[PDB]
Number of protein chains: 2
Amino acid sequence: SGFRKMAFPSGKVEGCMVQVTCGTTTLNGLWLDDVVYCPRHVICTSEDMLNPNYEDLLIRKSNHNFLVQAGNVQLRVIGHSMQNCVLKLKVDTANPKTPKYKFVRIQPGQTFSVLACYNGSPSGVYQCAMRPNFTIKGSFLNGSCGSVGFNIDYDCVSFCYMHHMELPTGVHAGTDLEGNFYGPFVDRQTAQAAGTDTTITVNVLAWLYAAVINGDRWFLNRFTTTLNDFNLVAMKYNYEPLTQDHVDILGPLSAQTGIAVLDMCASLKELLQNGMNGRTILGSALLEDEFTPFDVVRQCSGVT
Amino acid sequence: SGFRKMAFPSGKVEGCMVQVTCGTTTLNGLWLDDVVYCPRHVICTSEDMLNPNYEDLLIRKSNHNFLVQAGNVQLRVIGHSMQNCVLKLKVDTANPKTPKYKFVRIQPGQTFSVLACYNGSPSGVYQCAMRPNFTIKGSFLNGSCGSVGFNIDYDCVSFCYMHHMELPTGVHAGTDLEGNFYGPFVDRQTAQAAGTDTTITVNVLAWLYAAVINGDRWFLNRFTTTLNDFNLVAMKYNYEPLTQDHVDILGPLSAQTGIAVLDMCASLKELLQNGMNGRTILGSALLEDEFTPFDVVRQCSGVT
Ligand SMILES: *CCC(=O)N1CCN(Cc2ccc(F)cc2)CC1
Ligand SMILES: *CCC(=O)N1CCN(Cc2ccc(F)cc2)CC1
């Protein structure tokens, strides 16, 4: 037992990390097959970021201007092209360490692991969630752009995120592997404020089920509620409204613990209205929302 | 910016994970060079764990009785021996994926990454701290024994932990890579209660410095304190007493932020005596103690 914010093993992603340099700017790239994926702002100078015309800037660039280094070995660039906000650099060698992979665009409320990188070298790994307002709350310093988010299904890596920027608010924004930003964010150094970030209700409930499984039961009560009644409370406390689909994904956890989804909603309702009263749940003093129902099942069963 | 419970990239450790089977019991092993390291209770049947005589049990075992599988390939066992609570199985092949490594015995209050494994396959990675009472608060299900804790210094993996057991309290105990348990724990299914777990004071202060660096400054106050005055408060709240050595390791963070170590102690004192008043620090509603001063510097500078 025990419950931790657990990341996927980062090994398959580490072997794909490269360093991409264009002029004075250096950031991370993702090498899969004979292609290196990186944020298009690698062609920008800090000055350009106020309002870059990426098409005009990329015209001044040739294959030899993109230096791609994998550890200590230089990759030869035979092609370059821009797809939305990412650059695709075709190299002459397929990555021998390319794992089975997919490029997927995750839904808000879903979770993923981030392998933070600097100069193409990995520094650490952590679990993240795509917030409902399409930002992530990561840990990224200068040179971390190009670091990727992923999920792993046995041997297949599903890449879902590429880090592009930190907003003036300290929150993070980026793209899927097709170069499309999550949310309304643009790859420009401008005033960009994230919308109201709601709490992911289905993840809080799934984490409450995880607490019941692992011993923490103080928050359970003699009450029940309905989807409409719970949602009045969820709206007051800036929680996502719960749907029948959310109820259904909670099915496995409801069945294992024997606590009805609406009964757990009544426990959540009382915690929202009364707080924790100085108590903790799974070592946290607040309601955790970065564990999906799938994450809880996986951790409580030991899927490798 | 941003601050996360970040684990080391687990790649170098993934390539060392194997599956060790002895009779009906299967757990994880660590393959470095021509040796496989695993918990000695792999020779036990669930019945034996009440009071196992490991020397007597190991006499009934031969090299052919230890089945060691690395993914899909079987390793040939040419030697076996027990060193404290770990078994060392000499195999006929050096692990081609062995990284540069050390075996180190960490101090209480230090942190490490755990690569949780089942049947020799990695499921996830998380950051842990060796508690002052020598237990860890992990996430381990049946079949996770043999999973290891480590730290990484550029290319050298320092293994510090091997998981051996969950106490009836749900907390975890294990050994260093020489088979010596951290704390008073024995590899036996008996009543074993961890001592009083104190909060790691130097890590809370280092995490407070991390909050100041990353924007959260509400907790800073117009007060200061002394080592003796602070320690009266730390003793009341079951915090480790602060020493001049703790003050000195906080030197880099004190210098970067310009906030004197004793001034930050006065902020910590007020948080202990008054709580958070419903506020948060780095997304946490309690005082985090699983980030060492070294972890904070590393994350705030981007060491790969
Ligand atoms: C790779 C993008 C990223 O996360 N960082 C690089 C730039 N950093 C500074 C920054 C912060 C906020 C801004 F509005 C612009 C630049 C932060 C880390
Ligand atoms: C590898 C040891 C471990 O963490 N586990 C295996 C046994 N599990 C059950 C257990 C719990 C508490 C006990 F006192 C004995 C056995 C938990 C996970």
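Rules used in this analysis
Residues numbered from 1 in each chain as written, not as in the entry; some residues may be left out. Chains lettered and ligands numbered in written order. Heavy atoms only, no water. Helix = DSSP H or I, 4+ residues; strand = E, 2+ residues; numbered from the N terminus. Rg over C-alpha atoms; globule rule 2.2 N^0.38 Å. Buried < 20%, exposed > 50% of the residue type's maximum accessible area, 1.4 Å probe, protein only. Contact = heavy atoms within 4.5 Å. Areas by Shrake-Rupley, 256 points an atom, 1.4 Å probe, with all protein chains shown as cover. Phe/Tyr/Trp six-rings, centres within 6.5 Å; stacked < 30°, edge-to-face > 60°. Buried area = accessible area lost by both parts, 1.4 Å probe. Salt bridge = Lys/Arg side-chain N within 4 Å of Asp/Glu carboxyl O. Polar contact = N/O pair within 3.5 Å; in protein donor to acceptor, adjacent residues only side chain to side chain. Expected span 1.5 Å × (residues − 1). Pairing = 2+ DSSP bridges. Axes fitted to C-alpha atoms, helices over the stretch in contact; angles between N-to-C directions.

- This deposited entry lists X-ray crystallography as its structure determination method and 1.699 Å as its resolution.

- In the nomenclature of the PDB entry, chain A corresponds to 3C-like proteinase from the organism Severe acute respiratory syndrome coronavirus 2.
- Under its PDB record, the entry appears with the title "Group deposition SARS-CoV-2 main protease in complex with inhibitors from the COVID Moonshot -- Crystal Structure of SARS-CoV-2 main protease in complex with ANT-OPE-d972fbad-1 (Mpro-x10296)".

## As for the overall build of chain A
Working step 1: Looking only at helices and strands, one finds eight helices and 13 strands in chain A.
Working step 2: For chain A, the C-alpha radius of gyration of 22 Å lies close to 19 Å, the compact-globule estimate for 304 residues.
Working step 3: C-alpha extents for chain A along the principal axes are approximately 70 × 40 × 30 Å.
Working step 4: When burial is assessed residue by residue, chain A has 54% of its 304 residues classed as buried.
Working step 5: Excluding contacts between residues fewer than 6 apart, the proportion of contacts in chain A whose partners are at least 24 apart in sequence is 64%.
Working step 6: Of the roughly 12900 Å² of accessible surface on chain A, 49% is carried by carbon and sulfur atoms.

## Regarding the packing of aromatic side chains
The geometry of an aromatic ring pair is captured by the separation of the ring centres together with the interplanar angle, meaning the angle of the planes.
Working step 1: Evaluation of the coordinates by the stated rule reveals 16 aromatic pairs over all chains.
Working step 2: Ring geometry for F103 of chain A and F159 of chain A: centres 6.3 Å apart, planes at 75°, overall edge-to-face. In this pair, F103 of chain A is assigned in strand β8 (residues 100–103) and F159 of chain A in strand β12 (residues 156–166), connecting sequence segments 56 residues apart.
Working step 3: Judged by relative accessible area, which is 30%, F103 of chain A ranks as partly exposed.
Working step 4: Arranged with centres 5.1 Å apart and planes meeting at 90°, the rings of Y37 of chain B and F103 of chain B form a pair that is edge-to-face. Linking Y37 of chain B in strand β3 (residues 35–39) with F103 of chain B in strand β8 (residues 100–103), this pair joins segments that are 66 residues apart in sequence.

## A look at the interface of chain A and chain B
Working step 1: Contacts between the two partners involve 42 residues from chain A, matched on the other side by 42 residues from chain B.
Working step 2: For the pair chain A and chain B, the summed buried area comes to about 3000 Å², and 54% of that belongs to carbon and sulfur atoms.
Working step 3: At the junction of chain A and chain B, the tally comes to two salt bridges.
Working step 4: The partner of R4 of chain A in a salt bridge is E290 of chain B, with the nearest N and O atoms 2.8 Å apart.
Working step 5: Linking chain A to chain B there are 23 residue pairs in polar contact.

## Notes on helix α3 (residues 201–213) of chain B
Residues and elements named next belong to chain B.
Working step 1: Helix length check: α3 (13 residues) gives 19 Å between terminal C-alpha atoms against 18 Å at 1.5 Å per residue, within 8%.
Working step 2: For α3, the buried fraction is high: twelve of the 13 residues fall into the buried class.
Working step 3: Every buried residue belonging to α3 is among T201, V202, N203, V204, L205, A206, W207, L208, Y209, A210, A211 and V212, and all of these are buried.
Working step 4: Buried-residue contacts for α3 involve α4 (227–236), α5 (244–249), α6 (251–257), α7 (261–274) and α8 (293–299).
Working step 5: Two residues or fewer past α3, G215 is found with a positive phi of approximately 110°.

## Examining unusual backbone geometry
Working step 1: A positive phi is found at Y154 of chain A, a non-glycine position, where the angle reads about 60°.
Working step 2: Turning to its location among the elements, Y154 of chain A is positioned in the loop between β11 (148–153) and β12.

## Points about the sheet that holds strand β6 (residues 77–83) of chain A
In a beta sheet, neighbouring strands pair by backbone hydrogen bonds and run either parallel or antiparallel.
Residue and element names in this part refer to chain A.
Working step 1: Read across the sheet, seven strands follow the order β5-β4-β1-β2-β3-β7-β6 without closing on themselves; strand pairing throughout is antiparallel. A single partner strand is all that each edge strand has here, and the edge strands are β5 (73–75) and β6. Across this sheet, the average inter-strand angle for adjacent strands is 30°, counted without regard to direction.
Working step 2: Looking at chain direction, strand β4 (residues 66–70) and β5 are connected through three bridges and run antiparallel. Bridging from a neighbouring strand, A70 pairs with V73 of β5.

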